[PDB]
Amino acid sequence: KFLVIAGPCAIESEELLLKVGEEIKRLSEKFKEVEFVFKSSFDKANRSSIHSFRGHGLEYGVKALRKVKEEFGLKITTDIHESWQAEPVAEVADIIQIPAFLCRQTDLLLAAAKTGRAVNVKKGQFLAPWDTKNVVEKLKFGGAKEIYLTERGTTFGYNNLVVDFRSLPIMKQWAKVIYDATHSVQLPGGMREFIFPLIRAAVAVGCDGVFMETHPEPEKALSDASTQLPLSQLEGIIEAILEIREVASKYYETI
């Protein structure tokens, strides 16, 4: 099944998670061809400013994600930032996410693999696609069996990322590949207008799933306000990329 990872960037409140979780549950009922995984971060551990929102702590967030899993029967993903966090987070998380800046941190990867959960590694902005083979090898060494690599843009001069779609077939040689539709068009340190066009590209090229952050009111979000998708637009984008995938998939190269 095609994967759709979606949810609000940050756990702003248990209330927010439930509102977004209600809609992702509704769509999971509508789209049985899709495996939905609910995402939200319990900590924004890498914000540019000391004064920006980080979150309500690991305990609160794991609590809130457990409420979503309980209330809606959705799989869960969240990211970890230091090795000690893997074990408590694996209590709720079906997929443990490794942040882009941290994709070379051997102990973090090994900690995630040890839990027995699937692991999804954000490809660092500094990494070449062929450099991800070694990432997967660390995770396999550590006992991971279900491994994803997520395309989320590459450093392109200052304060800009570019998506090199050659990465999708290259990374597919050693893991399942996810396209991150919302961070790929952020300007580190137009953005929203490119989210839909580039996700159409991703599915035309061929990937195993899409990652998209979504918020009932992105203008009021406490992180990535400029690129979270309005919740109301999520259904239309999911239908679109299923249609495009249905047609394009005839042509996906055997890797």
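One-based numbering along the sequence shown.
Coverage remark for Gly206: present in the model in all other entries compared whose chains are built on both sides, leaving no third without it. Checked against the other entries of this protein, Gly189 counts as unresolved in at least one third of those spanning it.
Going from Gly189 to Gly190, you skip over 4 to 9 residues of the deposited sequence that the entry leaves unmodelled. If you average the C-alpha B-factors over 9 to 17 and over 234 to 242, the higher value belongs to 9 to 17.
For the pair 36 to 44 and 222 to 230, the mean Cα B-factor is higher in 222 to 230.
Of all the options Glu151, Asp79, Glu91, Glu82, the entry's greatest CA B-factor is assigned to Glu91.
Highest C-alpha temperature factor among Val119, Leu110, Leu74, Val135, as the PDB entry reports it: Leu74. Sort the chain's modelled residues by C-alpha temperature factor and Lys145 lands in the highest third, per the entry. In the PDB entry, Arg54 places in the middle third of its chain by CA B-factor.
Per the deposited record, the Cα B-factor of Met212 falls in the middle third when ranked against the other modelled residues of its chain. Among the modelled residues of its chain, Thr155 has a C-alpha B-factor that falls in the lowest third, as given in the PDB entry. Ranked by C-alpha B-factor against the other modelled residues of its chain, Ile255 falls in the highest third.
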